[PDB]
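Look below for two forms of one protein chain, each set out as structure tokens: first structure 1, then structure 2.
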Structure 1
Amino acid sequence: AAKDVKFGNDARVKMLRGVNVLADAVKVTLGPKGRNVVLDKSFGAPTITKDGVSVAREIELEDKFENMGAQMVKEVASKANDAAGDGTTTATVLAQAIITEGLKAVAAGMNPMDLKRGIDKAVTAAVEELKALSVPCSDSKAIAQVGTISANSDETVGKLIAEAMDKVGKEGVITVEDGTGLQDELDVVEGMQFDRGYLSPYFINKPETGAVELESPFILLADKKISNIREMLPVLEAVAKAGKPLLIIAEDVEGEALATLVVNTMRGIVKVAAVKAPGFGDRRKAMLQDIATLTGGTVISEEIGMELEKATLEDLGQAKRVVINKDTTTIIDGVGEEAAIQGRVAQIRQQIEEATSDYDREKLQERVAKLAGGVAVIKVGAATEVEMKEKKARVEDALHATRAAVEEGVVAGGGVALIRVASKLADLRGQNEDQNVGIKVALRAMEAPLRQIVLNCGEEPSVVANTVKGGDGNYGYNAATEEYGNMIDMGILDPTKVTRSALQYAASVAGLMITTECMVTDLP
């Protein structure tokens, strides 16, 4: 109903207070010497967390304006985490630093748009310098070392990741699965991974990983929009009689249909997950047919004439395991005759040599690569169940980190990369003095995370920051052992994607914060 609006300095200082509270919450959990923070729970047992992702998830301020600012910073930090797999705390610290210094400059009389342009210029130059500084990791030894470093210096997980990428491919689909016994066997199975996540966060049955897991599910794929329940009633009853979960992949499931399947999943009569089918246009239909071939099913397309009412359980395909993340899905070991899979691969290749342009042939190459590459499952195992669980968590984290590293590269971790590129960009200039002020703001913010890490360590921030500043290359400071040296050799690695994404998203949110002049929020 009625809303109150704040114009000028008041709204911006409300954002400053909100982001400062979020930083107070999160930045203390940065670096190896990360202080514990208590997240109270209504059930009765408070949870102590050293990771800032949960802390950011649990922050929500009381004042509407401060809450709005903190929530925008949290949103961009979550975007950075989704894109890179890490860097939530670093992105939040960078964003808070840029916001603080930019607001201090604006209150002096600087033009917010010029400050944003200076921030953008400095961040672009920093990304370029980071790409220059990134150390490639494409060899098997480099991949193994990165995987080992990420998962608390364990050689077994590093070897598993290295051999998995050797088998399925450098950019192949790799997933972690609980394995039976002490040994951890690895093999490749037919499957796909199209990056279009769940329609609703109410399908999540594994909230710890923030993902959706189905065991031996049924794959129902229809080349049509679904917004009515009566079409899915027969297939839902059929799968409920079967008892196995059902996976829905179609153009879109919205309206009463999405609500009713969400309600049914929440009640627990039958577990159903729905994700919209990959692509759009004719390529969407081609990918849907490829999935049906992979999982030994048929496409329920209204174009042919047959519809969901007559859809039996036999015509729709099935798989052995489906993992649906926030952004992607993974059919693992789809049951289906390999003869049909090779026939589809041959047909796609024939289309490739019968292409008309480079774009369509590239799309066909992507499709055939996803279809024929397969999925490598890491059946990680340990002596006990809890050890297997915690080892699986470590292996999944290492897999994410190694995927990021192989995608972009490895650069000096612990905030050394950001301060190094800030040093290398000491000569940046803008077309105006305000742009220079913005560039200086960006550089100071870029050096801030190392200062916060060494402050949580205990040592004086300025001295360590200056000492790292004087050095060249990847030489930096390790808070774990309070000694200097070459960072990558000593084993403190952060993927180039993580730092790049953190810096870029912090710059984006800071630019949005600085230039904001009004707020429209509900009355308290």
Structure 2
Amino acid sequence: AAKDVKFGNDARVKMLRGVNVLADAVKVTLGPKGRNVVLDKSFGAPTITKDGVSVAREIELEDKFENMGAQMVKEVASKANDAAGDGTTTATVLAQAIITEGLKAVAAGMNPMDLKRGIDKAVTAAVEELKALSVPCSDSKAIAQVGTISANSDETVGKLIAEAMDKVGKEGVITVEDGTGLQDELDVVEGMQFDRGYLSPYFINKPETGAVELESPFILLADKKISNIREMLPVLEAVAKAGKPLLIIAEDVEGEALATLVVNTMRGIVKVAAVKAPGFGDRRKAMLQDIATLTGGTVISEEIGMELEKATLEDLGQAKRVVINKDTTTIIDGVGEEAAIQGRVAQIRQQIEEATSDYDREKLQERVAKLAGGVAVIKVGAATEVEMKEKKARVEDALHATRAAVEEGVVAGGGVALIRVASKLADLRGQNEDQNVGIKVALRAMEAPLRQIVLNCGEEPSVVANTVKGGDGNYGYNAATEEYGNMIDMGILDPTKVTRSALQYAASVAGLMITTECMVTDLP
């Protein structure tokens, strides 16, 4: 109800204090020689971490304005992590640097809109420079390298990912799951992956991984949107009498049907999962038909007049293993005769060699590649289950890093890429002097992360940063080995996607917070 409002300088200093608290909490973990942050818990034993994601997630402030500034920086950093796969700490420290310098400039009478324009211009130029500086990652040796360093120097993971990419291409679908035995086995199965997640986060069966995983699931393929239950309860009865888990693939699920499916899942009577149909229009129907052919079943389509009252087990699609994430889901080893897949991919082939519109042409290439590519699953083996799960986590992180590197490229890690780009962009200027001030602010901001890494390493950062700027190319300073040289040769590297996303979101949040005039929050 009643709310307290702050204007101008007071709001800016409140946000500055909140962001400073968050960044001082999260940035001590930056770099190989990162400090430890103790997160006291009510359970009884405090947890000790060196990763910035947990510290950022665990921090809140009693003062409302500082708090909300902290959570806005936190949400942009979380967006950076979700997009790139890492870089939360670098994004947060960059955001703090830009925010501090920009607010200091604004207090000097500068025009905040011009500062935001200059920061955005400098960041766009920096992204272009990073794209120029990125080393392409296409050779299997490069895949092995990124998988190795990304997984704490696990070269075996490097190979595993290398032949996985060799078998299913750079853009193919790859997943990792638990495997029996000691050796690590690689296998490719007929499957695909579309960019649709669960409709509600209450369908999750694995809170540790945050993925809706079903073993030998039995899916529903319906073109019409699902609102009520009476039309779809025969499916639940059939899966209950068959004892198999249930999954839903429809255009959109809404109404009390979602609530009752969640309730049934929680009660444990039968597992139910729902995933949106990818695309829209008739393309969604076409790809749903492709999915039905892949899984050997048929789709509940209203256009052909049939309905869901008569849907049964024998005339419905089934799968071997499905992993549903927040944004996308993977179908693994769709059960069905290969002849149907061959016929469908052939039909899509004629769809190419008589396609007219270019956009639909690329869409057909992507659809046929997704349908005929298949899915590769890698099973991790070990002595006991605990190190097996640890290697699972390491393999997942390495796979995300490899995907980012393939998508964008590889640049020098440890903040060397940012400082090199800032050095190369020393002569950038804007329309106004305030724009030039903003550009200088952005340059110092990209300088900041390497300084923080060196300070964590225990060395004074001014001389190290100056020495790194003096060099060219990928030459930089290694915090682990306390020496300079080529950063790529030493192996410490990060995907270009991570650095680019961190800089982009740091600039975005800093520009948002600089131009803020008013602050509205609940009255304490």
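For residue numbers, the reference is structure 1: its sequence is counted from 1. Whichever C-alpha set is largest while still superposing within 1.5 Å between the two forms counts as the rigid core.
Core fitted between structure 1 and structure 2: which of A448, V454, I300, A151 shows a C-alpha shift of 2 angstroms or more? It is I300.
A211 C-alpha shift between structure 1 and structure 2 of 2 Å or more, rigid core reference
For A211, whose C-alpha is compared between structure 1 and structure 2 after core superposition, the shift is 2 Å or more.
Exercise. So with the core overlaid, does the Cα of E163 end up 2 Å or more away between structure 1 and structure 2?
Worked result: Stays below the 2 Å threshold, so no.
Q) Taking the rigid core as the reference frame, is the Cα of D290 displaced by 2 Å or more between structure 1 and structure 2? A) After core superposition, the displacement of the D290 C-alpha between structure 1 and structure 2 reaches the 2 Å mark, so yes.
* **Shift in Å of the C-alpha at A238 between structure 1 and structure 2 after core superposition** => Shift of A238 at C-alpha, rigid core superposed: 4.4 Å.
Give the rigid core superposed Cα shift of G69 between structure 1 and structure 2, in Å, rounded to one decimal.
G69 is displaced by 0.4 Å at its C-alpha.
Check: Once you lay the two forms on top of each other by their rigid core, how far has the C-alpha of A369 moved between structure 1 and structure 2, in Å?
Finding: That residue's C-alpha sits 1.5 Å away in the other form.
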